[PDB]
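Chemist: So here's coords_21.cif, just mmCIF, C-alpha atoms:
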```
data_entry
#
loop_
_atom_site.group_PDB
_atom_site.id
_atom_site.type_symbol
_atom_site.label_atom_id
_atom_site.label_comp_id
_atom_site.auth_asym_id
_atom_site.auth_seq_id
_atom_site.Cartn_x
_atom_site.Cartn_y
_atom_site.Cartn_z
ATOM 1 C CA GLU A 1 37.017 84.228 -43.516
ATOM 2 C CA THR A 2 39.984 83.155 -41.403
ATOM 3 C CA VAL A 3 37.161 81.627 -39.384
ATOM 4 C CA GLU A 4 36.208 79.835 -42.607
ATOM 5 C CA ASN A 5 39.055 79.476 -45.069
ATOM 6 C CA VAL A 6 42.259 79.444 -43.023
ATOM 7 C CA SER A 7 41.316 76.677 -40.603
ATOM 8 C CA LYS A 8 40.081 74.737 -43.644
ATOM 9 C CA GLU A 9 43.150 75.344 -45.814
ATOM 10 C CA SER A 10 45.327 74.267 -42.904
ATOM 11 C CA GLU A 11 43.502 70.944 -43.204
ATOM 12 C CA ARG A 12 44.224 71.155 -46.937
ATOM 13 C CA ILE A 13 47.964 71.540 -46.469
ATOM 14 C CA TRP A 14 48.411 69.203 -43.508
ATOM 15 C CA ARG A 15 46.931 66.036 -45.005
ATOM 16 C CA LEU A 16 49.122 66.574 -48.030
ATOM 17 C CA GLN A 17 52.273 67.191 -46.009
ATOM 18 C CA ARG A 18 51.628 63.974 -44.130
ATOM 19 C CA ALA A 19 51.023 62.163 -47.411
ATOM 20 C CA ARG A 20 54.385 63.158 -48.832
ATOM 21 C CA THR A 21 56.415 61.595 -46.045
ATOM 22 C CA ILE A 22 54.466 58.323 -46.041
ATOM 23 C CA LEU A 23 55.291 57.720 -49.685
ATOM 24 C CA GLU A 24 58.847 58.676 -48.848
ATOM 25 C CA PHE A 25 59.024 56.024 -46.149
ATOM 26 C CA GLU A 26 57.894 53.436 -48.677
ATOM 27 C CA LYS A 27 60.876 54.321 -50.836
ATOM 28 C CA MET A 28 63.263 54.620 -47.909
ATOM 29 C CA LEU A 29 63.558 50.905 -47.046
ATOM 30 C CA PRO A 30 63.356 48.677 -50.131
ATOM 31 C CA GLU A 31 64.599 45.791 -48.009
ATOM 32 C CA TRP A 32 61.699 43.472 -47.174
ATOM 33 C CA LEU A 33 58.214 44.688 -48.094
ATOM 34 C CA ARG A 34 56.462 41.695 -46.569
ATOM 35 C CA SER A 35 53.762 43.759 -44.854
ATOM 36 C CA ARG A 36 52.222 45.426 -47.870
ATOM 37 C CA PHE A 37 48.616 44.284 -47.672
ATOM 38 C CA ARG A 38 46.522 43.288 -50.603
ATOM 39 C CA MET A 39 43.720 40.816 -49.529
ATOM 40 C CA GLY A 40 45.417 38.174 -51.719
ATOM 41 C CA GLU A 41 43.844 38.450 -55.214
ATOM 42 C CA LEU A 42 40.341 37.082 -54.743
ATOM 43 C CA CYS A 43 38.055 36.174 -57.641
ATOM 44 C CA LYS A 44 37.162 38.883 -60.141
ATOM 45 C CA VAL A 45 34.835 37.197 -62.653
ATOM 46 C CA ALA A 46 36.055 34.159 -64.463
ATOM 47 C CA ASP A 47 37.515 30.739 -63.746
ATOM 48 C CA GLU A 48 40.639 32.871 -63.245
ATOM 49 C CA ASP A 49 40.036 33.189 -59.503
ATOM 50 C CA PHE A 50 43.611 34.168 -58.704
ATOM 51 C CA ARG A 51 43.230 37.419 -60.614
ATOM 52 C CA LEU A 52 44.374 40.711 -58.992
ATOM 53 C CA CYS A 53 44.903 42.103 -55.507
ATOM 54 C CA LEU A 54 42.012 43.856 -53.794
ATOM 55 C CA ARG A 55 40.859 45.756 -50.703
ATOM 56 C CA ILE A 56 37.863 45.930 -48.315
ATOM 57 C CA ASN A 57 35.431 48.643 -47.100
ATOM 58 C CA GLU A 58 31.922 48.647 -45.566
ATOM 59 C CA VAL A 59 28.589 50.484 -46.031
ATOM 60 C CA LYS A 60 25.296 51.433 -44.219
ATOM 61 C CA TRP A 61 21.506 52.146 -44.614
ATOM 62 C CA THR A 62 19.388 54.379 -46.945
ATOM 63 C CA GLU A 63 17.693 52.795 -50.058
ATOM 64 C CA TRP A 64 17.400 49.044 -49.435
ATOM 65 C CA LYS A 65 17.785 47.737 -52.958
ATOM 66 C CA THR A 66 17.612 44.038 -53.759
ATOM 67 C CA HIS A 67 20.686 42.023 -54.598
ATOM 68 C CA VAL A 68 22.102 40.118 -57.473
ATOM 69 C CA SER A 69 25.570 41.610 -57.703
ATOM 70 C CA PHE A 70 27.443 39.772 -55.005
ATOM 71 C CA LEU A 71 30.129 37.086 -54.947
ATOM 72 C CA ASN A 72 29.510 34.690 -52.098
ATOM 73 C CA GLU A 73 26.896 32.889 -50.004
ATOM 74 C CA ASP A 74 26.605 35.642 -47.363
ATOM 75 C CA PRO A 75 29.772 34.654 -45.458
ATOM 76 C CA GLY A 76 31.589 36.482 -42.693
ATOM 77 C CA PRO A 77 35.292 36.817 -42.055
ATOM 78 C CA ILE A 78 35.623 33.430 -43.698
ATOM 79 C CA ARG A 79 38.864 31.964 -42.420
ATOM 80 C CA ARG A 80 38.033 28.200 -42.386
ATOM 81 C CA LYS B 1 28.167 10.225 -63.856
ATOM 82 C CA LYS B 2 26.707 8.745 -60.621
ATOM 83 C CA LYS B 3 28.100 11.620 -58.494
ATOM 84 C CA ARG B 4 27.129 14.746 -60.484
ATOM 85 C CA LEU B 5 23.561 14.957 -59.134
ATOM 86 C CA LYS B 6 24.412 16.869 -55.965
ATOM 87 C CA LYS B 7 26.690 19.124 -57.996
ATOM 88 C CA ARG B 8 24.223 19.532 -60.855
ATOM 89 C CA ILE B 9 21.128 20.720 -59.015
ATOM 90 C CA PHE B 10 22.843 23.363 -56.851
ATOM 91 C CA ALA B 11 24.018 24.975 -60.057
ATOM 92 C CA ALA B 12 20.757 24.192 -61.860
ATOM 93 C CA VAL B 13 18.700 25.971 -59.229
ATOM 94 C CA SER B 14 21.040 28.961 -59.479
ATOM 95 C CA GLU B 15 20.592 29.251 -63.239
ATOM 96 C CA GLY B 16 16.813 28.928 -63.048
ATOM 97 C CA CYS B 17 16.175 26.511 -65.915
ATOM 98 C CA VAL B 18 12.806 25.158 -64.816
ATOM 99 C CA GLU B 19 12.262 22.280 -67.251
ATOM 100 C CA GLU B 20 15.839 21.074 -66.829
ATOM 101 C CA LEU B 21 15.097 20.586 -63.126
ATOM 102 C CA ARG B 22 12.085 18.499 -64.176
ATOM 103 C CA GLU B 23 14.561 16.145 -65.822
ATOM 104 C CA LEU B 24 16.577 16.223 -62.597
ATOM 105 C CA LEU B 25 13.561 15.318 -60.485
ATOM 106 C CA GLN B 26 12.698 12.565 -62.979
ATOM 107 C CA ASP B 27 15.626 10.303 -62.127
ATOM 108 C CA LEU B 28 15.625 11.489 -58.510
ATOM 109 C CA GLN B 29 12.495 9.510 -57.681
ATOM 110 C CA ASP B 30 14.013 6.563 -59.557
ATOM 111 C CA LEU B 31 17.033 6.587 -57.240
ATOM 112 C CA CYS B 32 14.620 6.287 -54.327
ATOM 113 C CA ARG B 33 12.924 3.496 -56.279
ATOM 114 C CA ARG B 34 16.288 1.730 -56.647
ATOM 115 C CA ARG B 35 16.279 1.480 -52.862
ATOM 116 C CA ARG B 36 14.282 -1.324 -51.245
ATOM 117 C CA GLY B 37 11.831 0.996 -49.481
ATOM 118 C CA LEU B 38 14.346 3.057 -47.549
ATOM 119 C CA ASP B 39 13.305 6.162 -45.584
ATOM 120 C CA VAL B 40 12.470 8.910 -48.058
ATOM 121 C CA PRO B 41 13.283 11.723 -45.523
ATOM 122 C CA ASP B 42 16.465 10.004 -44.332
ATOM 123 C CA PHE B 43 17.564 9.557 -47.986
ATOM 124 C CA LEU B 44 16.514 12.786 -49.713
ATOM 125 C CA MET B 45 17.717 14.858 -46.754
ATOM 126 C CA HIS B 46 21.146 13.630 -47.752
ATOM 127 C CA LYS B 47 20.525 14.390 -51.424
ATOM 128 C CA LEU B 48 18.825 17.777 -51.076
ATOM 129 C CA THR B 49 21.281 18.826 -48.360
ATOM 130 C CA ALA B 50 24.973 19.535 -48.823
ATOM 131 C CA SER B 51 27.277 17.295 -46.845
ATOM 132 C CA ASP B 52 29.098 19.957 -44.818
ATOM 133 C CA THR B 53 27.259 23.289 -44.597
ATOM 134 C CA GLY B 54 23.802 21.804 -44.223
ATOM 135 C CA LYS B 55 22.536 24.157 -46.916
ATOM 136 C CA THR B 56 19.506 22.838 -48.755
ATOM 137 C CA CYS B 57 18.508 23.413 -52.329
ATOM 138 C CA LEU B 58 15.808 25.728 -50.980
ATOM 139 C CA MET B 59 18.138 28.101 -49.162
ATOM 140 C CA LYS B 60 20.311 27.891 -52.253
ATOM 141 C CA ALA B 61 17.166 28.820 -54.173
ATOM 142 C CA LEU B 62 16.736 31.994 -52.154
ATOM 143 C CA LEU B 63 20.330 33.179 -51.864
ATOM 144 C CA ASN B 64 20.385 33.601 -55.602
ATOM 145 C CA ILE B 65 17.318 35.182 -57.170
ATOM 146 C CA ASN B 66 16.053 35.534 -60.738
ATOM 147 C CA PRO B 67 12.529 36.060 -62.156
ATOM 148 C CA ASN B 68 12.143 32.244 -62.087
ATOM 149 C CA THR B 69 11.940 31.951 -58.294
ATOM 150 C CA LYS B 70 8.160 31.740 -57.832
ATOM 151 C CA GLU B 71 8.003 28.591 -59.940
ATOM 152 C CA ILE B 72 11.346 27.088 -58.867
ATOM 153 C CA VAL B 73 10.304 27.140 -55.207
ATOM 154 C CA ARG B 74 6.852 25.547 -55.471
ATOM 155 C CA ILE B 75 8.206 22.669 -57.555
ATOM 156 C CA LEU B 76 10.837 22.071 -54.893
ATOM 157 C CA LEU B 77 7.968 22.337 -52.431
ATOM 158 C CA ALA B 78 5.516 20.149 -54.360
ATOM 159 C CA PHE B 79 8.210 17.527 -54.771
ATOM 160 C CA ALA B 80 8.761 17.972 -51.047
ATOM 161 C CA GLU B 81 5.000 17.617 -50.582
ATOM 162 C CA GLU B 82 4.500 14.572 -52.827
ATOM 163 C CA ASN B 83 6.916 12.507 -50.729
ATOM 164 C CA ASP B 84 5.918 13.240 -47.078
ATOM 165 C CA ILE B 85 9.184 15.084 -46.365
ATOM 166 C CA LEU B 86 7.883 18.637 -46.148
ATOM 167 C CA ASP B 87 7.957 19.400 -42.420
ATOM 168 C CA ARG B 88 11.569 18.309 -42.068
ATOM 169 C CA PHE B 89 12.368 20.200 -45.261
ATOM 170 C CA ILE B 90 10.999 23.711 -44.741
ATOM 171 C CA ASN B 91 12.399 24.046 -41.216
ATOM 172 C CA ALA B 92 15.919 23.027 -42.122
ATOM 173 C CA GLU B 93 18.795 24.837 -40.433
ATOM 174 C CA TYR B 94 22.515 25.248 -40.924
ATOM 175 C CA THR B 95 24.596 22.598 -39.224
ATOM 176 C CA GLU B 96 27.570 24.917 -39.658
ATOM 177 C CA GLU B 97 28.989 26.721 -36.637
ATOM 178 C CA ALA B 98 28.941 30.228 -38.061
ATOM 179 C CA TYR B 99 25.250 30.232 -38.970
ATOM 180 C CA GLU B 100 23.247 28.134 -36.542
ATOM 181 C CA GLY B 101 19.786 29.469 -37.315
ATOM 182 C CA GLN B 102 19.898 31.000 -40.802
ATOM 183 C CA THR B 103 16.725 29.204 -41.824
ATOM 184 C CA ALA B 104 14.587 29.420 -44.952
ATOM 185 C CA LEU B 105 12.421 32.239 -43.641
ATOM 186 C CA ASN B 106 15.183 34.601 -42.478
ATOM 187 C CA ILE B 107 16.765 34.273 -45.893
ATOM 188 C CA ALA B 108 13.440 35.149 -47.491
ATOM 189 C CA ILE B 109 12.908 38.469 -45.716
ATOM 190 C CA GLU B 110 16.570 39.319 -46.296
ATOM 191 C CA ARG B 111 15.892 39.340 -50.036
ATOM 192 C CA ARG B 112 12.673 41.298 -49.301
ATOM 193 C CA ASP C 1 53.880 60.383 -72.818
ATOM 194 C CA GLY C 2 53.386 56.720 -71.903
ATOM 195 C CA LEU C 3 50.296 57.199 -69.750
ATOM 196 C CA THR C 4 47.175 55.204 -69.062
ATOM 197 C CA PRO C 5 43.898 57.198 -68.980
ATOM 198 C CA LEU C 6 43.758 56.756 -65.241
ATOM 199 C CA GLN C 7 47.227 58.279 -65.096
ATOM 200 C CA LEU C 8 46.182 61.098 -67.402
ATOM 201 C CA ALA C 9 43.287 62.061 -65.151
ATOM 202 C CA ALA C 10 45.681 62.249 -62.228
ATOM 203 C CA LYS C 11 48.553 64.067 -63.926
ATOM 204 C CA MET C 12 46.278 66.834 -65.147
ATOM 205 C CA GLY C 13 44.338 66.464 -61.902
ATOM 206 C CA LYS C 14 40.783 66.620 -63.228
ATOM 207 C CA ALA C 15 39.212 65.235 -60.132
ATOM 208 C CA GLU C 16 35.547 64.571 -60.824
ATOM 209 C CA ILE C 17 36.090 62.141 -63.690
ATOM 210 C CA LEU C 18 38.547 60.237 -61.502
ATOM 211 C CA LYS C 19 35.769 59.680 -58.979
ATOM 212 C CA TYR C 20 34.007 57.748 -61.702
ATOM 213 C CA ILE C 21 36.903 55.521 -62.762
ATOM 214 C CA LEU C 22 37.812 54.351 -59.281
ATOM 215 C CA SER C 23 34.214 53.678 -58.360
ATOM 216 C CA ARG C 24 32.622 52.153 -61.513
ATOM 217 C CA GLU C 25 30.091 49.632 -60.276
ATOM 218 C CA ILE C 26 28.413 47.690 -63.079
ATOM 219 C CA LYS C 27 25.259 45.969 -61.856
ATOM 220 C CA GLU C 28 25.177 43.190 -64.444
ATOM 221 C CA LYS C 29 26.875 39.920 -65.282
ATOM 222 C CA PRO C 30 27.552 39.563 -69.042
ATOM 223 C CA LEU C 31 30.161 42.289 -68.918
ATOM 224 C CA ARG C 32 31.066 43.086 -65.293
ATOM 225 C CA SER C 33 34.742 42.272 -65.917
ATOM 226 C CA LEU C 34 35.270 45.998 -66.515
ATOM 227 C CA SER C 35 34.307 47.082 -63.013
ATOM 228 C CA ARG C 36 36.471 48.687 -60.363
ATOM 229 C CA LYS C 37 34.218 48.147 -57.333
ATOM 230 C CA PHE C 38 32.842 44.841 -56.091
ATOM 231 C CA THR C 39 30.114 44.162 -53.565
ATOM 232 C CA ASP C 40 30.644 40.927 -51.653
ATOM 233 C CA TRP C 41 27.910 40.614 -49.017
ATOM 234 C CA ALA C 42 24.241 41.234 -49.595
ATOM 235 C CA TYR C 43 22.881 41.599 -46.123
ATOM 236 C CA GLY C 44 20.618 44.614 -45.964
ATOM 237 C CA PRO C 45 22.288 47.533 -44.251
ATOM 238 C CA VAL C 46 25.762 46.082 -43.948
ATOM 239 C CA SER C 47 27.746 45.159 -47.053
ATOM 240 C CA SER C 48 31.460 44.595 -47.563
ATOM 241 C CA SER C 49 32.752 46.321 -50.689
ATOM 242 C CA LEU C 50 35.892 45.504 -52.677
ATOM 243 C CA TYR C 51 37.838 48.181 -54.506
ATOM 244 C CA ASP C 52 40.070 46.849 -57.150
ATOM 245 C CA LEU C 53 43.583 48.346 -56.902
ATOM 246 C CA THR C 54 45.405 47.591 -60.149
ATOM 247 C CA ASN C 55 47.670 50.570 -60.862
ATOM 248 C CA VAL C 56 46.762 52.500 -57.744
ATOM 249 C CA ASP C 57 49.300 51.462 -55.109
ATOM 250 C CA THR C 58 53.017 52.070 -55.590
ATOM 251 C CA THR C 59 53.807 48.524 -56.620
ATOM 252 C CA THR C 60 54.843 49.253 -60.221
ATOM 253 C CA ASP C 61 56.565 52.144 -61.940
ATOM 254 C CA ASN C 62 54.798 55.522 -62.120
ATOM 255 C CA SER C 63 51.749 54.633 -60.056
ATOM 256 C CA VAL C 64 48.819 56.834 -59.098
ATOM 257 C CA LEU C 65 49.921 57.991 -55.641
ATOM 258 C CA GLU C 66 53.387 58.682 -56.993
ATOM 259 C CA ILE C 67 51.791 60.948 -59.586
ATOM 260 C CA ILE C 68 49.342 62.643 -57.229
ATOM 261 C CA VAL C 69 51.435 63.505 -54.207
ATOM 262 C CA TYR C 70 54.790 64.356 -55.788
ATOM 263 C CA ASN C 71 53.173 66.609 -58.400
ATOM 264 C CA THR C 72 53.223 70.377 -58.533
ATOM 265 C CA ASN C 73 51.082 72.491 -60.856
ATOM 266 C CA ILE C 74 47.621 71.458 -59.605
ATOM 267 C CA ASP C 75 45.497 73.225 -57.011
ATOM 268 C CA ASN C 76 42.655 70.874 -55.995
ATOM 269 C CA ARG C 77 45.030 68.228 -54.698
ATOM 270 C CA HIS C 78 43.427 67.772 -51.286
ATOM 271 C CA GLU C 79 40.055 67.417 -52.987
ATOM 272 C CA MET C 80 41.405 64.229 -54.594
ATOM 273 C CA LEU C 81 42.710 62.506 -51.476
ATOM 274 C CA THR C 82 39.226 62.530 -50.002
ATOM 275 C CA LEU C 83 38.398 59.834 -52.552
ATOM 276 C CA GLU C 84 38.005 56.380 -51.031
ATOM 277 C CA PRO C 85 40.588 54.048 -52.688
ATOM 278 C CA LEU C 86 43.203 56.656 -51.792
ATOM 279 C CA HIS C 87 41.915 58.008 -48.483
ATOM 280 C CA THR C 88 42.090 54.743 -46.594
ATOM 281 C CA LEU C 89 45.281 53.568 -48.285
ATOM 282 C CA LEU C 90 47.352 56.412 -46.902
ATOM 283 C CA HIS C 91 45.695 55.658 -43.577
ATOM 284 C CA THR C 92 46.692 52.005 -43.975
ATOM 285 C CA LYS C 93 50.429 52.564 -44.026
ATOM 286 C CA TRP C 94 50.250 55.131 -41.241
ATOM 287 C CA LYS C 95 48.995 52.293 -39.061
ATOM 288 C CA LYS C 96 51.567 49.731 -40.124
ATOM 289 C CA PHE C 97 54.651 51.412 -41.597
ATOM 290 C CA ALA C 98 55.033 55.152 -41.402
ATOM 291 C CA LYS C 99 54.068 56.338 -37.896
ATOM 292 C CA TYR C 100 56.311 53.777 -36.239
ATOM 293 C CA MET C 101 59.103 54.802 -38.573
ATOM 294 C CA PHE C 102 58.284 58.462 -38.030
ATOM 295 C CA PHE C 103 58.917 58.867 -34.316
ATOM 296 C CA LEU C 104 62.202 56.981 -34.680
ATOM 297 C CA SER C 105 63.217 59.709 -37.093
ATOM 298 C CA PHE C 106 62.083 62.142 -34.427
ATOM 299 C CA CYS C 107 63.792 60.509 -31.454
ATOM 300 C CA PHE C 108 67.030 60.055 -33.376
ATOM 301 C CA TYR C 109 66.983 63.661 -34.519
ATOM 302 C CA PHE C 110 65.924 64.861 -31.071
ATOM 303 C CA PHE C 111 69.020 63.535 -29.323
ATOM 304 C CA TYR C 112 71.130 64.870 -32.195
ATOM 305 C CA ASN C 113 70.411 68.437 -31.158
#
```
If you convert what's in this file into structure tokens, what do you get?
Modeler:
Amino acid sequence: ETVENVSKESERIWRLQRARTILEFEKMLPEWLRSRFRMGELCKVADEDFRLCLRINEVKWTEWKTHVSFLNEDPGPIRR
Amino acid sequence: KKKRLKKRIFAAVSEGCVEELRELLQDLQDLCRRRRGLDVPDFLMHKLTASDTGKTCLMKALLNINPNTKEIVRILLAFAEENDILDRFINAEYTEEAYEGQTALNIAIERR
Amino acid sequence: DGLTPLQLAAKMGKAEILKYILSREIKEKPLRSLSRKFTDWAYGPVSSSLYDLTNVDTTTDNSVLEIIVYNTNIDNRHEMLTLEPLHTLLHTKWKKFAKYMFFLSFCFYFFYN
């Protein structure tokens, strides 16, 4: 199963050995971390809109449920 | 007071309190009666419509959804039918640049 | 040991329960202040999701990625970095910080030899 396991475990070791150096290059320059990105602490629940820093991902088809869970009035990349 | 009415109803439609909207429509005809006979479309299409996005109460009624929608829409339609404002009302569009054409029917089928 | 439960799931590396904590959608609104995922758009097939990122990134002491990557002693470690609030975040800094710093460490060390 070198056909199977070895060319899969090489994916297992390589993504880790990349991931070690990236966290090392965070800790290598503690000078000016101005380009850490956080989406700028949008609203969570309450009147406390400035709450905690977030991130963004996107989804696709398969089981079109209805919707009351959202936050906004179907906007886009709302820059204004 | 005297400015809350635009801010009240947009929230009041979102909550779905039916009889509270009946109190909101009660004074709303009186504000038209305070006018001297002014154009009921060209007045209520500034009251039912937000000043910047062009969003009506009706598209606001269909963005949010609760089990009170089937009654909250017809009352906003019957009040739009008892004042000869219906044809301008149901075919309202966004004035806003990002959404020129998100009408009341596209937002209906979106919520399925 | 001074550990949050999210930290405890990482430090022992029990992966499947950590898939639940970082996802955690709660489809209500009397109590959805406990969630960790947020859906923003409701537009049929497309929808923009918001993961929550409190202790995850290395912004405080003893964060999640500091625990996961520097650790020994666990064996399913690559099966944890598939998980979405970690998989894209490593990919984030490789676009903006690391890869541009990486080849400078190559080209400096290359002329050294």
Chemist: Do you have the atom CA of residue 66 of chain C-atom CA of residue 81 of chain C distance handy?
Modeler: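 Value for the atom CA of residue 66 of chain C-atom CA of residue 81 of chain C distance: 12.6 Å.
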Chemist: Report, in Å with one decimal, the straight-line distance from atom CA of residue 22 of chain A to atom CA of residue 91 of chain C.
Modeler: 9.5 Å
Chemist: Please report the interatomic distance between atom CA of residue 20 of chain A and atom CA of residue 98 of chain C in Å with one decimal.
Modeler: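 Answer for the atom CA of residue 20 of chain A to atom CA of residue 98 of chain C separation: 10.9 Å.
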Chemist: Selection in question (the file shown): the PyMOL selection byres ((chain A) within 9 of (chain C)). Which residues does it include, as an NGL selection string?
Modeler: :A and (11-13 or 15-16 or 19-23 or 25-26 or 35-38 or 44-46 or 52-62 or 64-76)
Chemist: Could you state which residues are captured by the PyMOL selection byres ((chain B) within 12 of (chain C)) in this file, as a PDB file with C-alpha atoms, in the coordinates of the input?
Modeler:
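Ended up saving to result-v8.pdb:
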```pdb
ATOM      1  CA  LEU B  63      20.330  33.179 -51.864  1.00  0.00           C
ATOM      2  CA  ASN B  64      20.385  33.601 -55.602  1.00  0.00           C
ATOM      3  CA  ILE B  65      17.318  35.182 -57.170  1.00  0.00           C
ATOM      4  CA  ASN B 106      15.183  34.601 -42.478  1.00  0.00           C
ATOM      5  CA  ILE B 107      16.765  34.273 -45.893  1.00  0.00           C
ATOM      6  CA  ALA B 108      13.440  35.149 -47.491  1.00  0.00           C
ATOM      7  CA  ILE B 109      12.908  38.469 -45.716  1.00  0.00           C
ATOM      8  CA  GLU B 110      16.570  39.319 -46.296  1.00  0.00           C
ATOM      9  CA  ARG B 111      15.892  39.340 -50.036  1.00  0.00           C
ATOM     10  CA  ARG B 112      12.673  41.298 -49.301  1.00  0.00           C
TER      11      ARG B 112
END
```
Chemist: Applying 9 Å and all atoms listed in the file, which residues near residue 6 of chain C remain after dropping the ones on its own chain fewer than 6 positions away? List them as number ranges by chain.
Modeler: C: 18, 21-22, 55, 64
Chemist: Write the residues of the preceding selection, restricted to C-alpha atoms, as an mmCIF file, in the frame of the given file.
Modeler:
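Everything below was put into part.cif:
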```cif
data_model
loop_
_atom_site.group_PDB
_atom_site.id
_atom_site.type_symbol
_atom_site.label_atom_id
_atom_site.label_comp_id
_atom_site.auth_asym_id
_atom_site.auth_seq_id
_atom_site.Cartn_x
_atom_site.Cartn_y
_atom_site.Cartn_z
ATOM 1 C CA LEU C 18 38.547 60.237 -61.502
ATOM 2 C CA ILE C 21 36.903 55.521 -62.762
ATOM 3 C CA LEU C 22 37.812 54.351 -59.281
ATOM 4 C CA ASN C 55 47.670 50.570 -60.862
ATOM 5 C CA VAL C 64 48.819 56.834 -59.098
#
```
Chemist: Smallest atom-to-atom distance to chain A: which of B:25, B:92, B:14, B:36, using only C-alpha atoms?
Modeler: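 Checking each candidate against chain A, we get B:14 as the closest.
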Chemist: Restricting the calculation to only C-alpha atoms: of B:44, B:28, B:18, B:5, which residue gets closest to residue 67 of chain B?
Modeler: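 Ranked by minimum distance to residue 67 of chain B, first place goes to B:18.
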Chemist: From the options B:99, B:89, B:62, B:47, which residue's atoms come nearest to residue 3 of chain B, counting all atoms listed in the file?
Modeler: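 Between B:99, B:89, B:62, B:47, the residue approaching residue 3 of chain B most closely is B:47.
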Chemist: The residues within 8 Å of (14.3, 25.3, -58.1), using all atoms listed in the file and the coordinates of the file, should be reported as a VMD selection string; which are they?
Modeler: chain B and resid 12 to 14 16 18 21 57 to 58 61 69 71 to 76
Chemist: Can you work out which one of B:88, B:2, B:60, B:22 has the shortest atom-to-atom distance to residue 45 of chain B, counting only C-alpha atoms?
Modeler: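 That would be B:88, the residue with the smallest distance to residue 45 of chain B.
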